[PDB]
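**Q** My structure file upload.cif, mmCIF, C-alpha atoms; chains and numbers go by the auth columns, is below:
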data_upload
loop_
_atom_site.group_PDB
_atom_site.id
_atom_site.type_symbol
_atom_site.label_atom_id
_atom_site.label_comp_id
_atom_site.label_asym_id
_atom_site.label_seq_id
_atom_site.Cartn_x
_atom_site.Cartn_y
_atom_site.Cartn_z
_atom_site.B_iso_or_equiv
_atom_site.auth_seq_id
_atom_site.auth_asym_id
ATOM 1 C CA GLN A 1 9.408 -21.128 18.816 0.00 1002 A
ATOM 2 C CA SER A 2 6.269 -21.053 16.562 0.00 1003 A
ATOM 3 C CA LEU A 3 4.210 -18.772 18.874 0.00 1004 A
ATOM 4 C CA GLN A 4 7.118 -16.323 19.463 0.00 1005 A
ATOM 5 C CA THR A 5 7.342 -16.051 15.640 0.00 1006 A
ATOM 6 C CA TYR A 6 3.564 -15.551 15.226 0.00 1007 A
ATOM 7 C CA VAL A 7 3.365 -13.009 18.092 0.00 1008 A
ATOM 8 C CA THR A 8 6.443 -11.128 16.834 0.00 1009 A
ATOM 9 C CA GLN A 9 4.739 -10.924 13.425 0.00 1010 A
ATOM 10 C CA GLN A 10 1.429 -9.776 14.978 0.00 1011 A
ATOM 11 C CA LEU A 11 3.312 -7.071 16.942 0.00 1012 A
ATOM 12 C CA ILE A 12 4.998 -5.820 13.739 0.00 1013 A
ATOM 13 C CA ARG A 13 1.785 -6.124 11.729 0.00 1014 A
ATOM 14 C CA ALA A 14 -0.252 -4.302 14.358 0.00 1015 A
ATOM 15 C CA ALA A 15 2.341 -1.478 14.187 0.00 1016 A
ATOM 16 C CA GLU A 16 1.701 -1.124 10.414 0.00 1017 A
ATOM 17 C CA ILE A 17 -2.051 -1.045 11.240 0.00 1018 A
ATOM 18 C CA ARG A 18 -1.352 1.411 14.055 0.00 1019 A
ATOM 19 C CA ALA A 19 0.396 3.781 11.633 0.00 1020 A
ATOM 20 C CA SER A 20 -2.677 3.465 9.338 0.00 1021 A
ATOM 21 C CA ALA A 21 -5.152 4.050 12.221 0.00 1022 A
ATOM 22 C CA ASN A 22 -3.173 7.162 13.280 0.00 1023 A
ATOM 23 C CA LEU A 23 -3.236 8.337 9.626 0.00 1024 A
ATOM 24 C CA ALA A 24 -6.981 7.592 9.381 0.00 1025 A
ATOM 25 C CA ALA A 25 -7.702 9.622 12.555 0.00 1026 A
ATOM 26 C CA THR A 26 -5.497 12.434 11.155 0.00 1027 A
ATOM 27 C CA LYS A 27 -7.521 12.510 7.927 0.00 1028 A
ATOM 28 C CA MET A 28 -10.810 12.243 9.838 0.00 1029 A
ATOM 29 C CA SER A 29 -9.744 15.267 11.916 0.00 1030 A
ATOM 30 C CA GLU A 30 -8.258 17.510 9.193 0.00 1031 A
ATOM 31 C CA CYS A 31 -10.058 16.249 6.092 0.00 1032 A
ATOM 32 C CA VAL A 32 -13.662 15.604 7.362 0.00 1033 A
ATOM 33 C CA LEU A 33 -13.996 17.889 10.448 0.00 1034 A
ATOM 34 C CA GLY A 34 -12.195 20.718 8.540 0.00 1035 A
ATOM 35 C CA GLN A 35 -10.847 21.679 5.121 0.00 1036 A
ATOM 36 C CA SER A 36 -7.119 20.910 5.095 0.00 1037 A
ATOM 37 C CA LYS A 37 -5.083 22.955 2.554 0.00 1038 A
ATOM 38 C CA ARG A 38 -2.364 20.212 2.549 0.00 1039 A
ATOM 39 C CA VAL A 39 -1.778 19.433 -1.160 0.00 1040 A
ATOM 40 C CA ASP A 40 -2.765 15.905 -2.357 0.00 1041 A
ATOM 41 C CA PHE A 41 -3.446 14.817 1.310 0.00 1042 A
ATOM 42 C CA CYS A 42 -7.237 14.927 0.812 0.00 1043 A
ATOM 43 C CA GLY A 43 -7.865 13.743 -2.775 0.00 1044 A
ATOM 44 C CA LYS A 44 -6.054 15.009 -5.910 0.00 1045 A
ATOM 45 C CA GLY A 45 -7.217 18.568 -6.670 0.00 1046 A
ATOM 46 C CA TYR A 46 -8.049 21.371 -4.252 0.00 1047 A
ATOM 47 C CA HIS A 47 -9.864 19.964 -1.200 0.00 1048 A
ATOM 48 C CA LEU A 48 -13.471 20.979 -0.463 0.00 1049 A
ATOM 49 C CA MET A 49 -14.822 18.356 1.999 0.00 1050 A
ATOM 50 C CA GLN B 1 10.280 -31.760 9.981 0.00 755 B
ATOM 51 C CA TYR B 2 10.251 -28.110 11.269 0.00 756 B
ATOM 52 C CA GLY B 3 7.187 -27.246 9.126 0.00 757 B
ATOM 53 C CA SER B 4 6.217 -23.989 7.401 0.00 758 B
ATOM 54 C CA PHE B 5 9.010 -21.790 8.948 0.00 759 B
ATOM 55 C CA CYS B 6 10.928 -22.189 5.682 0.00 760 B
ATOM 56 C CA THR B 7 8.082 -20.718 3.625 0.00 761 B
ATOM 57 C CA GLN B 8 7.206 -18.189 6.373 0.00 762 B
ATOM 58 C CA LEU B 9 10.772 -16.747 6.172 0.00 763 B
ATOM 59 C CA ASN B 10 10.756 -16.721 2.306 0.00 764 B
ATOM 60 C CA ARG B 11 7.306 -15.073 2.282 0.00 765 B
ATOM 61 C CA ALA B 12 8.293 -12.427 4.850 0.00 766 B
ATOM 62 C CA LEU B 13 11.466 -11.311 2.957 0.00 767 B
ATOM 63 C CA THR B 14 9.443 -11.308 -0.289 0.00 768 B
ATOM 64 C CA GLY B 15 6.853 -9.084 1.470 0.00 769 B
ATOM 65 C CA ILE B 16 9.599 -6.536 2.349 0.00 770 B
ATOM 66 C CA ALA B 17 11.180 -6.680 -1.094 0.00 771 B
ATOM 67 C CA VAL B 18 7.875 -6.158 -3.021 0.00 772 B
ATOM 68 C CA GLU B 19 7.151 -3.133 -0.757 0.00 773 B
ATOM 69 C CA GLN B 20 10.374 -1.225 -1.622 0.00 774 B
ATOM 70 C CA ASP B 21 8.813 -0.481 -5.037 0.00 775 B
ATOM 71 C CA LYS B 22 5.585 0.796 -3.352 0.00 776 B
ATOM 72 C CA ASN B 23 7.836 3.221 -1.411 0.00 777 B
ATOM 73 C CA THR B 24 9.774 4.221 -4.555 0.00 778 B
ATOM 74 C CA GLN B 25 6.499 4.547 -6.555 0.00 779 B
ATOM 75 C CA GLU B 26 4.715 6.675 -3.921 0.00 780 B
ATOM 76 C CA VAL B 27 7.690 8.965 -3.221 0.00 781 B
ATOM 77 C CA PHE B 28 8.516 9.753 -6.889 0.00 782 B
ATOM 78 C CA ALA B 29 5.671 8.699 -9.253 0.00 783 B
ATOM 79 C CA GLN B 30 3.244 11.310 -7.784 0.00 784 B
ATOM 80 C CA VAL B 31 3.291 13.254 -11.097 0.00 785 B
ATOM 81 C CA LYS B 32 0.890 12.207 -13.897 0.00 786 B
ATOM 82 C CA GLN B 33 3.177 13.219 -16.845 0.00 787 B
ATOM 83 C CA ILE B 34 6.839 13.839 -17.751 0.00 788 B
ATOM 84 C CA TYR B 35 6.817 17.645 -17.728 0.00 789 B
ATOM 85 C CA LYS B 36 9.767 19.412 -19.447 0.00 790 B
ATOM 86 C CA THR B 37 11.272 22.889 -19.332 0.00 791 B
ATOM 87 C CA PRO B 38 11.505 24.966 -22.514 0.00 792 B
ATOM 88 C CA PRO B 39 15.136 24.935 -23.797 0.00 793 B
ATOM 89 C CA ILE B 40 15.513 28.719 -23.133 0.00 794 B
ATOM 90 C CA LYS B 41 16.054 29.599 -19.416 0.00 795 B
ATOM 91 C CA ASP B 42 13.822 32.736 -18.963 0.00 796 B
ATOM 92 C CA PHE B 43 13.280 32.052 -15.190 0.00 797 B
ATOM 93 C CA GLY B 44 13.510 35.666 -13.879 0.00 798 B
ATOM 94 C CA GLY B 45 17.295 35.453 -13.071 0.00 799 B
ATOM 95 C CA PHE B 46 16.905 32.243 -10.953 0.00 800 B
ATOM 96 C CA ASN B 47 19.446 29.631 -12.171 0.00 801 B
ATOM 97 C CA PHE B 48 18.109 26.046 -11.854 0.00 802 B
ATOM 98 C CA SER B 49 20.799 24.690 -14.299 0.00 803 B
#
Mind turning the file's structure into structure tokens?
**A**
Amino acid sequence: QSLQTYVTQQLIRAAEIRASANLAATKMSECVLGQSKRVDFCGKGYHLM
Amino acid sequence: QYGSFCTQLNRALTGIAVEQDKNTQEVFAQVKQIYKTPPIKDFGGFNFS
């Protein structure tokens, strides 16, 4: 009952990290490899690089 | 006799609760200042009242 609780928490945690890894790859695409015009997505201000 | 489950359940619900204010902060508190309209409604014929 202790491992099923730990593993259920790691599966939920890893989904929060997944959402953050998907967001990090989405910034590294649009925000580093480009110049995204999406307001406040890429620092406060107008985004240069 | 069942160990840390008690605390693990209290900690987990506290983790959710303390996040609901991170959600409410990041959705609404994006604006640095309390901006206000002038009292007179000279908005081109558009009626935001």
**Q** Determine the nearest neighbour of chain B from the options A:1036, A:1003, A:1011, A:1016, counting all atoms listed in the file.
**A**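 Smallest distance to chain B is found for A:1003.
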**Q** Measure the distance from atom CA of residue 1049 of chain A to atom CA of residue 1032 of chain A in Å and round it to one decimal.
**A**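 One can read the atom CA of residue 1049 of chain A to atom CA of residue 1032 of chain A distance as 8.8 Å.
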**Q** Excluding segment 780-786 of chain B and residues on its chain fewer than 5 positions from it, collect all residues at most 12 Å away from it, counting all atoms listed in the file, and give them as a ChimeraX atom specification.
**A** /A:1040-1042,1045 /B:773-775
**Q** Using the chain letters and numbers from this file, what does the PyMOL selection byres ((chain B) within 10 of (chain A)) select? Give the answer as a list in words.
**A**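 Expected selection for the PyMOL selection byres ((chain B) within 10 of (chain A)) here is residues 756, 757, 758, 759, 762, 766 and 784 of chain B.
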**Q** At what distance in Å, to one decimal, does atom CA of residue 1009 of chain A lie from atom CA of residue 1024 of chain A?
**A** 22.9 Å
**Q** Please, what distance in Å, to one decimal, runs between atom CA of residue 1044 of chain A and atom CA of residue 1031 of chain A?
**A**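 Result for atom CA of residue 1044 of chain A versus atom CA of residue 1031 of chain A: 12.6 Å, one decimal.
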**Q** Report, as JSON, the axis-aligned box around all atoms of segment 1009-1018 of chain A present in the file, extended by 6 Å on each side; give centre and edge lengths in Å to one decimal place.
**A**
{"center_x": 2.2, "center_y": -6.1, "center_z": 13.7, "size_x": 20.5, "size_y": 22.1, "size_z": 18.5}
**Q** Could you add N, CA and C atoms to segment 1026-1037 of chain A and give me the result as a CSV table (one decimal), in the frame of the given file?
**A**
chain,number,residue,atom,x,y,z
A,1026,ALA,N,-7.2,8.6,11.6
A,1026,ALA,CA,-7.7,9.6,12.6
A,1026,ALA,C,-7.2,11.0,12.2
A,1027,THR,N,-6.1,11.2,11.6
A,1027,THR,CA,-5.5,12.4,11.2
A,1027,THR,C,-6.2,13.0,9.9
A,1028,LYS,N,-6.6,12.1,9.0
A,1028,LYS,CA,-7.5,12.5,7.9
A,1028,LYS,C,-8.9,12.8,8.5
A,1029,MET,N,-9.5,12.0,9.4
A,1029,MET,CA,-10.8,12.2,9.8
A,1029,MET,C,-10.9,13.5,10.7
A,1030,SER,N,-9.8,13.9,11.3
A,1030,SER,CA,-9.7,15.3,11.9
A,1030,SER,C,-9.6,16.3,10.8
A,1031,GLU,N,-8.6,16.4,10.0
A,1031,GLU,CA,-8.3,17.5,9.2
A,1031,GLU,C,-9.1,17.6,7.9
A,1032,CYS,N,-9.6,16.5,7.4
A,1032,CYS,CA,-10.1,16.2,6.1
A,1032,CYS,C,-11.6,16.1,6.1
A,1033,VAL,N,-12.2,15.6,7.2
A,1033,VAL,CA,-13.7,15.6,7.4
A,1033,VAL,C,-14.1,16.7,8.3
A,1034,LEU,N,-13.6,16.9,9.5
A,1034,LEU,CA,-14.0,17.9,10.4
A,1034,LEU,C,-13.5,19.3,10.1
A,1035,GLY,N,-12.8,19.5,9.0
A,1035,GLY,CA,-12.2,20.7,8.5
A,1035,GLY,C,-12.2,20.9,7.0
A,1036,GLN,N,-11.2,21.6,6.5
A,1036,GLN,CA,-10.8,21.7,5.1
A,1036,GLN,C,-9.3,21.9,5.1
A,1037,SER,N,-8.6,20.8,5.1
A,1037,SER,CA,-7.1,20.9,5.1
A,1037,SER,C,-6.6,21.3,3.7
